[PDB]
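Both backbone and side-chain heavy atoms feed into the values below; hydrogens, waters and symmetry mates do not. First the proteins, then the strands, lettered A, B, ... as listed; each starts at 1.
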Protein chains: 4
Amino acid sequence: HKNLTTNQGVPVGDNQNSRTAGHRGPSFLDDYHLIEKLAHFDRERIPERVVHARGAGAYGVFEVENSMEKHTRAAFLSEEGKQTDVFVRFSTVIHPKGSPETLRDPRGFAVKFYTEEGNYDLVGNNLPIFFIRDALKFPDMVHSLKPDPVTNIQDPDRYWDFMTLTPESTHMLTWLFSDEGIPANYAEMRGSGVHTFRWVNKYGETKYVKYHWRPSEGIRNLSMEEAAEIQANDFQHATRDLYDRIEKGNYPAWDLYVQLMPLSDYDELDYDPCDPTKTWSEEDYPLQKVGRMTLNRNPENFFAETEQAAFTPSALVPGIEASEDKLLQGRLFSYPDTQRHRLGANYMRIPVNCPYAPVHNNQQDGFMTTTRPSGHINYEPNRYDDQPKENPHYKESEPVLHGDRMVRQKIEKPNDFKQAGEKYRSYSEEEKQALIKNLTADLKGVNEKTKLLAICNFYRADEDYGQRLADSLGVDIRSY
Amino acid sequence: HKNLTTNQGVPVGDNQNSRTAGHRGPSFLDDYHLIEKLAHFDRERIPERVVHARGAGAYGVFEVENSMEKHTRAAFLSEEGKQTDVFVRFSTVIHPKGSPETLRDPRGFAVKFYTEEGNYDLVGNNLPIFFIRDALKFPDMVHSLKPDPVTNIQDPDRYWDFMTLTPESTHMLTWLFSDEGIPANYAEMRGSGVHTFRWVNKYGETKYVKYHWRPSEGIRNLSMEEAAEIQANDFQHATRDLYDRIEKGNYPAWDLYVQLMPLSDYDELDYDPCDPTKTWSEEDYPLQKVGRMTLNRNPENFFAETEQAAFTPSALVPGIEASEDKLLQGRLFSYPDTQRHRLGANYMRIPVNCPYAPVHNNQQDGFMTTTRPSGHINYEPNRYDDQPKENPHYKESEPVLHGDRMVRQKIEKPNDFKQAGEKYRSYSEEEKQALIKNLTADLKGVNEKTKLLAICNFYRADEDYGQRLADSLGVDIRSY
Amino acid sequence: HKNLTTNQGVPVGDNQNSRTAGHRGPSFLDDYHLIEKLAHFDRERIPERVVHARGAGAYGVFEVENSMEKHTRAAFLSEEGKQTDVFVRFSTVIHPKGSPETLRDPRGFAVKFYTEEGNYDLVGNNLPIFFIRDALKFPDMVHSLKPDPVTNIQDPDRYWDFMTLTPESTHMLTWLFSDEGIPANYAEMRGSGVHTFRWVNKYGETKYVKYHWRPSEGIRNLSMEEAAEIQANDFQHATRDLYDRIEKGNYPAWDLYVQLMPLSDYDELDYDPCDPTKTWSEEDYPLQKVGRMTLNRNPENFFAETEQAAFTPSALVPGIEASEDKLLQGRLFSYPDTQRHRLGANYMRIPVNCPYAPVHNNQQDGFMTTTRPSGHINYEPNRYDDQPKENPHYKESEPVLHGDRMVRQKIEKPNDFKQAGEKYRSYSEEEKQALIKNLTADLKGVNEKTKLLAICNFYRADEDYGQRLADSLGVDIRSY
Amino acid sequence: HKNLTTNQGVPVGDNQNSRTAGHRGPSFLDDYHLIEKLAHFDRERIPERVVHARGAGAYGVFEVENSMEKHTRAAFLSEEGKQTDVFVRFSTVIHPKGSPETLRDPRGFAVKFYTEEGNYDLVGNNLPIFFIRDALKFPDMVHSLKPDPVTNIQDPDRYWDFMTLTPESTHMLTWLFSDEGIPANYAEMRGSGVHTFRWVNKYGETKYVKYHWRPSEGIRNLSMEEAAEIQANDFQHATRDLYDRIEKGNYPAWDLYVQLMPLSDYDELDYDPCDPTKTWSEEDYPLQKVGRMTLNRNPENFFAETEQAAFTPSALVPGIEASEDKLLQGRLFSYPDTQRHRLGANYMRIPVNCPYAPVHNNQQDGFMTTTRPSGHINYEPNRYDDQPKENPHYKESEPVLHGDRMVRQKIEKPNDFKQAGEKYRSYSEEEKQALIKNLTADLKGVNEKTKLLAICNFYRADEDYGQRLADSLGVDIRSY
Ligand code: HEM
Ligand code: HEM
Ligand SMILES: Oc1cccc(O)c1O
Ligand SMILES: Oc1cccc(O)c1O
Ligand SMILES: Oc1cccc(O)c1O
Ligand SMILES: Oc1cccc(O)c1O
Ligand SMILES: [Cl-]
Ligand SMILES: [Cl-]
Ligand SMILES: [Cl-]
Ligand SMILES: [Cl-]
Ligand code: NA
Ligand code: NA
């Protein structure tokens with residue numbers, strides 16, 4: 001048995017009645033419990049994430065099967081059997097909190113590894129490429145996909161206007177308008193790092209790397225019809241499914257694979273290996289198994305742990321570095337930036353965000369300083385041998401720059417259409433029919449000029465693709 | 001034709017490419033356009049409303065048919081034909097911003113009148129009563145109804161635990177589990193002030209008042225099955241419908257009616273006329289037509305106008321005052337309190353929230369001061385005749401207090417069950433069947449002791465009501 | 001030896017050099033350490049307190065010498081010898097952080113007692129009365145005393161305009177313009193509760209109470225000349241002094257005394273005993289010794305503990321209640337209201353603000369939730385016997401209301417001049433000379449009409465007072 | 001004559017009395033005027049600037065004498081007689097908002113030019129060099145200079161520890177410990193851009209540029225003793241002096257001069273021309289007159305205009321670009337980053353911060369959206385010719401990168417001591433005596449090891465300098 005109390009620790013005499021002038025009179029200002037309780041209720045909410053607002057979290061463990069020391073000095077990958085705790089958040093993208101999990105969208109697949117050398121965030125999606133290749137375009141892309149700023153309803157005419165004028169999107173749309181645009185749930189789902197990263201070993205040798213998560217539950221997708229049937233009765237089915245599997249002991253898992261590519265292979269590929277609109281061939285760059293992640297624990301509080309979770313692609317650990325991918329480069333900035341706004345300057349002290357590794361530095365103060373700081377010395381260099389100092393064993397690599405000027409210019413070999421065609425031809429006939437169907441339903445109401453340009457981009461990917469879509473939309477493409 | 005610019009007014013040379021070390025190299029920090037554009041994107045979101053997060057807005061006009069000056073000095077009601085601009089937001093209640101509009105919930109019906117003596121907010125719902133009668137319980141009620149804080153899914157076992165132990169909720173639940181718990185859309189929907197308010201005329205005479213909005217489009221409700229079928233294909237159907245009606249010139253309207261009751265009728269009644277779990281008989285207190293509101297304009301920007309809209313029951317105008325309703329009394333505080341958090345100290349300067357009537361006072365500063373203040377005199381009293389002064393013509397009434405002590409105590413004559421029974425018996429057989437069906441689907445999975453208490457509360461309302469529910473749930477109540 | 005780390009717990013390789021294109025080229029965006037370290041620096045500051053922005057803090061102990069159980073059930077005062085930890089912050093009032101501690105001002109004297117039944121804040125000043133008697137005037141008062149909103153310099157013409165038109169200020173001004181307006185430091189300084197509070201004993205009997213703190217170091221004040229001399233060489237001498245006394249083991253102490261008055265004595269006094277412009281005669285209501293507070297420990301971090309400290313007069317404990325003092329009533333609201341803005345919705349979790357007594361309630365979420373919440377049940381009533389419940393042993397008293405109606409009306413018996421005259425006559429001749437001298441230096445440049453009104457208000461206090469001021473100002477008041 | 005009103009536009013009947021239970025009873029919650037007025041009061045303050053918190057603002061005009069089009073395409077410099085409106089803020093550095101203006105510190109000299117091609121901010125100081133050359137050290141340097149985080153008092157032992165271990169500071173300290181470390185006021189003061197910038201003409205030719213402001217009122221300084229004499233009686237003397245000069249029509253002015261250097265001079269010099277611890281010789285790179293800035297208008301409201309002013313070195317206009325200076329490079333980020341926290345995401349819409357030039361872009365939303373946004377198109381590219389587009393005429397230059405790797409490495413030819421010695425020798429004997437006096441007073445109490453290292457750094461600058469300081473401090477340096 002426990003007393004209800006105020007936040008001052010005073011036991012509450014009456015949690016039912018306001019303080020009033022007699023039993024039916026107006027309410028007095030001197031009712032600290034009422035005002036405190038209502039005032040905190042009035043401040044429960046924080047801004048939702050600007051994208052990926054809808055999602056669900058879980059904790060688990062990553063275990064190494066094959067040590068990666070030949071290729072990276074990353075501590076958490078250094079030996080067979082090494083276990084690292086994770087927190088993972090899965091998500092949709094475009095719509096707000098509360099939106100259904102039956103909508104078409106990439107799915108987020110964000111993994112935080114609590115390593116001995118710091119927290120490493122691999123902020124992935126299910127699909128292995130993206131719509132754009134430069135972060136400067138991201139608020140534009142998002143804005144076109146988001147509900148219309150007047151109507152508050154998503155409008156295909158808007159995002160297809162953007163996408164069609166942004167032909168590098170063509171590969172991505174060829175994945176997203178398959179039925180893999182609606183995963184059945186978060187467990188029966190692919191994961192991808194999407195970007196190329198750099199792996200750096202103890203000799204300072206660098207390889208390019210891509211990451212892939214393969215579900216133990218397999219990949220399963222929903223047709224537009226299957227999605228509607230679920231949406232009718234449950235707008236949070238994926239969140240429900242994740243929690244329920246874990247509560248029942250049916251723990252979902254993913255095997256982590258990598259592809260590894262020499263830096264020098266740039267110059268002979270007909271695409272840029274750091275163009276995130278591109279995948280690498282699995283015949284030429286085979287998947288190499290690293291280990292397995294099992295999710296086995298539900299959070300204790302959704303707001304405190306899942307809503308407040310902060311991941312960033314710039315949370316890199318020794319041995320794992322960014323590539324020059326211009327999309328990734330903006331993400332390095334944007335995540336901690338938005339987090340400072342969404343969560344507070346001190347967001348890294350929220351428990352789910354805290355490292356397991358020691359934190360010692362000369363930062364101070366900021367809203368909601370709860371960590372009981374002490375000491376006189378908050379500056380470096382200083383005369384004190386016991387105060388924290390830099391450790392040169394932990395310098396990052398020095399990537400070679402091939403450019404000689406500060407420029408704003410598109411990458412060479414954009415090759416916007418080739419892999420979209422390859423993906424299209426890789427589909428089964430049943431999968432091609434679904435792609436055309438889903439695209440037709442999406443395009444049939446859009447501005448005729450935009451609809452033609454869409455068809456033309458898919459035609460440039462593959463002639464059969466573009467002709468089938470034109471036929472299905474009733475568009476005459478003879479004059480082109 | 002216009003230049004894209006930074007926020008500094010510098011035309012942008014290139015809105016496609018980040019600044020990088022050659023065409024494929026990493027990104028430079030000296031890219032003000034990138035950083036400014038990402039950083040503002042990173043800050044787009046504000047907190048959603050703590051309740052009524054999902055909603056839709058429109059502007060229109062309210063026109064007086066019968067002047068109300070014999071009963072209230074309110075300026076906007078003073079003359080036949082007098083027109084006042086309104087802004088209205090409709091909403092659901094429990095789930096977050098992106099949640100479906102097919103869910104069971106009261107609907108918000110919030111009307112801001114831009115009167116010549118200040119803004120008057122009538123913050124109603126469709127349903128004319130509430131679950132609780134004291135604001136001290138509001139965070140409890142809400143927390144029970146909201147998604148479970150662990151699972152992020154709404155759980156009937158939680159809110160029925162609260163509601164069953166809060167028997168004053170019985171009248172409300174008897175309305176909400178009719179099919180009027182799911183209005184077809186926002187246009188074919190009732191509105192209610194819910195609370196008794198005080199109307200005060202130019203002689204200082206006071207009457208109790210209740211407000212009712214009657215839709216010109218009639219009232220239409222959804223069954224659970226009808227709601228699921230809509231939910232399958234559109235999770236924002238009510239938002240859509242409102243915008244669409246107005247864009248097509250099919251303007252929805254409501255007639256405003258009032259009931260008026262003398263203060264001295266308190267002892268004539270077997271309930272407290274200021275208990276918001278109670279309605280007043282329309283036979284004994286007939287509806288009196290006041291005027292008509294027509295919504296005829298969509299907002300120009302949903303975030304700026306609808307998301308940032310702030311209504312409060314305490315935005316009262318001369319002639320219209322709060323009653324002693326202890327629920328209303330807490331609302332007086334909570335709304336501006338939450339708005340200062342959600343929107344900023346200076347939220348009243350946001351255009352939708354601004355009055356038409358002149359604002360002159362000695363308040364100053366606060367985040368985002370955009371109003372070009374001037375002058376040396378920010379205090380009163382002062383020696384300057386031209387600075388703003390109090391105006392004793394605009395004093396409020398002085399309600400009589402019947403109590404002699406500051407107490408925490410439930411009102412007399414709570415009468416928790418009688419009107420719920422009256423409402424139940426007022427239903428058609430088809431309506432009673434839908435009530436029992438909807439209750440049964442909601443209660444069938446809850447804790448057995450809670451389920452029995454629910455049945456017992458409804459039995460106390462009406463024996464046939466409670467027995468039908470018990471039969472439908474398979475619960476044997478012979479022995480009570 | 002310790003590593004400098006990022007907030008992700010990654011050791012920093014180089015805390016000296018930004019990451020650049022060669023040894024002298026422009027800086028790269030991919031420099032997580034630079035950006036994290038700059039961004040947090042960029043966010044160190046929070047709003048200063050709206051008043052009492054300049055101050056200093058210390059911890060210590062309060063020990064009961066005489067149990068107060070005949071008069072109050074407060075736990076911390078129950079037993080001889082009982083020791084309660086305290087935190088105390090002393091302050092100036094008007095000017096910002098960084099301002100000098102040599103200025104004329106009341107001084108704040110805010111004591112947090114960490115009691116077994118919750119935190120009790122006694123938020124005092126050195127002077128025992130105040131300028132105003134209704135919180136509605138506080139923003140006016142402050143704005144008149146604050147630097148002019150155009151020039152950013154304090155202007156006697158502005159605050160004397162307010163004070164002269166606010167004749168209830170006369171008693172306060174008669175204390176503040178003695179040399180006690182500039183205490184020598186925080187240790188050699190009086191403290192006062194200012195308001196009457198209500199003490200309630202185990203039988204439910206109530207007495208009015210006033211609190212006084214008497215410095216073991218005695219009271220010492222600065223002349224205007226002494227204050228200038230200190231200001232020349234140290235703008236933070238009181239902060240320095242408090243820290244230095246404690247660091248050297250010379251702990252400052254205060255004895256706590258109370259006056260006690262029966263409720264009934266209202267009706268026979270020629271003032272309102274809950275008017276905070278009034279004192280109670282020490283002859284008629286003798287000081288009674290309660291105990292001693294000794295301050296013996298400096299905080300470990302000024303920002304975390306002293307800057308973030310939050311006190312409120314509404315942090316009352318069983319046995320100690322607010323009086324009807326209309327000034328106090330507004331304070332009850334204002335402090336936690338400003339604190340939610342200044343510090344965050346969760347400011348009560350900041351260590352210095354935490355109670356020693358257990359906190360259990362159904363509040364949740366809000367910015368910077370750091371407390372590891374858990375459990376499904378965040379509402380009451382609920383079916384669970386182990387969840388926190390109200391405890392009727394801890395109900396507050398039920399003060400009798402003498403009023404009939406909700407009114408806006410000045411108290412009866414304002415008696416604005418009589419005590420100011422009594423205070424003036426209680427001064428030694430040296431002390432009267434100082435008062436006139438300090439008043440004259442303040443008023444000599446003020447608007448002539450305001451200057452005359454000042455003289456008249458002091459003349460009404462005491463003829464010799466007003467005449468001496470008029471003489472010193474060169475103002476002939478014979479014609480009145 | 002005007003009514004005082006609430007923020008809802010309702011006239012206030014009584015601005016004197018709270019609403020209470022009779023004339024002396026406790027206060028009611030239903031007092032919207034009290035609560036609104038106190039709530040807004042409670043929220044007046046925003047965070048002060050993290051440095052330069054104390055300052056003062058004015059408006060004026062800049063007029064071109066000698067057009068600069070041969071060297072820069074900047075619009076505001078394009079024609080003789082061209083006038084551009086400015087806003088200027090002057091400041092101290094280290095202590096908080098209310099701190100004296102008699103302290104030793106650089107002075108800030110921040111000029112916002114409202115040009116036809118956007119706002120251009122030249123965020124200078126009086127002194128023409130800086131303590132450090134990499135932004136990574138800025139939070140350290142500041143934390144060392146700031147009041148100690150335990151005592152809240154500035155401690156020379158802390159900042160000399162930092163500075164002595166940061167020998168690139170030696171030139172700066174040689175200026176700051178002259179009497180120019182305490183300017184007599186803001187008018188009789190030098191201004192400097194400090195950094196080298198790049199000027200780019202219409203043919204794309206680039207020169208390095210330095211900016212210098214020469215006061216028409218001449219340069220005048222205070223000795224330590226003259227500063228204390230002022231401080232005794234006025235802790236805002238420089239704020240007062242600026243406002244007073246302008247109010248009386250005695251407008252302060254500065255002539256702008258530039259120095260111009262070819263990029264190809266790098267190897268001709270024994271320092272890096274982009275090292276901000278360095279000046280350029282005026283013999284080798286003569287001062288060239290541009291024009292004159294006159295300050296002739298005080299702001300209408302200090303908070304709205306001066307306190308909320310936001311400047312950034314990244315507010316560059318076509319023709320004027322950053323150099324590679326690594327200190328500058330971090331400032332490009334830090335200012336808009338801190339301003340988003342201090343002022344809000346929409347701080348650029350605060351009037352003093354608004355450009356004169358048109359602003360059109362696809363940014364949206366954020367706290368306190370006051371700008372009445374409209375339209376459906378918030379993304380680019382789009383199909384609409386009338387929506388804002390990029391303008392390639394306004395591309396920036398493409399600086400040549402000399403580096404081939406991403407590195408963290410000190411510049412070549414740091415040359416930490418030579419210019420400090422040149423400055424020392426440039427001093428008159430009276431000036432040398434002051435410098436030694438001021439340094440001795442500052443160093444005499446610091447840790448002996450730190451004090452010796454200080455002397456050694458000054459000795460390396462000039463043997464006489466170091467020897468005179470050693471003699472004055474009583475330190476025998478014969479053994480070295
Ligand atoms: C209606 C009258 C008053 C109002 C509305 C008011 C309001 C405030 C506010 C808003 C603060 C800043 C609190 C914070 O930021 O944590 C403050 C601080 C303070 N006030 Fe008042 N005040 C009033 C009267 C008084 C009185 C009568 C006293 C003493 C008897 C007093 C003593 C203090 C002290 C000592 C502080 C500093 C607390 C600290 O050190 O953190 N005030 N006041
Ligand atoms: C890396 C080096 C530096 C960093 C990181 C830095 C950072 C900052 C920051 C964060 C502010 C607060 C701005 C605000 O809140 O709006 C500021 C203000 C200021 N800094 Fe710096 N600073 C640096 C070097 C300098 C230099 C070199 C100068 C002059 C050349 C200077 C002059 C100023 C001035 C004048 C202000 C006040 C502007 C105003 O009046 O509002 N700082 N600085
Ligand atoms: O952050 C994102 C924004 C838009 C689309 C995506 O798939 C995504 O992950
Ligand atoms: O504000 C609200 C909270 C909970 C239920 C409701 O119907 C409501 O309107
Ligand atoms: O909070 C306050 C405001 C004005 C004057 C004071 O003495 C005070 O404490
Ligand atoms: O921004 C700043 C920080 C520290 C010292 C300075 O001179 C400065 O301008
Ligand atoms: Cl650090
Ligand atoms: Cl006001
Ligand atoms: Cl609670
Ligand atoms: Cl944009
Ligand atoms: Na191995
Ligand atoms: Na010329």
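Atoms CE and CD1, from B:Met172 and B:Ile132 in turn, are 10.0 Å apart once rounded to the nearest 0.5 Å.
Legend: residues meeting side chain to side chain donor-acceptor pair (under 3.5 Å) with B:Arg19, ordered by chain and number and at least two apart, are B:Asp30.
Among C:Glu321, C:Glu396, C:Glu324, C:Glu398, the one residue that satisfies the salt bridge (charged side-chain N to carboxylate O under 4.0 Å, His left out) test with C:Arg198 is C:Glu324.
Contacts with chain B were tallied for C:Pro149, C:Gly375, C:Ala21; C:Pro149 has the most, counting heavy-atom pairs under 4.5 Å. Note on B:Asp155, B:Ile35, B:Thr450: by heavy-atom pairs under 4.5 Å with chain C, the leading option is B:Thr450. When each of C:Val150, C:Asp365, C:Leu453, C:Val407 is scored by its heavy-atom pairs under 4.5 Å with chain B, the top score falls to C:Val150.
Neither the backbone nor the side chain of B:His402 has a heavy atom closer than 4.5 Å to any heavy atom of chain C. Only the side chain of B:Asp337 comes within contact range of chain C, judged by heavy atoms closer than 4.5 Å. Of the two parts of C:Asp404, the backbone and the side chain both hold a non-hydrogen atom closer than 4.5 Å to a non-hydrogen atom of chain B.
For C:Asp134 and C:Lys137, the salt-bridge test fails: no basic side-chain N is under 4.0 Å from an acidic carboxylate O.
Using a 4.5 Å cut-off between non-hydrogen atoms, the part of residues 156-165 of chain B that approaches chain C consists of B:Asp157, B:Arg158, B:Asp161, B:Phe162, B:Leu165.
Nearest heavy atom pair, residue C:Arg408 against residue B:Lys395, reads O-NZ, 3.6 Å.
Side-chain contact annotation: C:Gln364 with C:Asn378, donor-acceptor N/O pair under 3.5 Å present. Judged by distance alone, the side chains of C:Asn382 and C:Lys389 do bring a donor and an acceptor atom under 3.5 Å apart.
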Inset, instruction - Let me see the working for B:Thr20 and B:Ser18 under side chain to side chain donor-acceptor pair (under 3.5 Å), right down to the final yes or no. - result: CA-CA 6 Å; B:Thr20 61; B:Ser18 290; over 6 Å; no
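If you look at C:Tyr208 and C:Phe197, their ring centroids are not closer than 6.0 Å.
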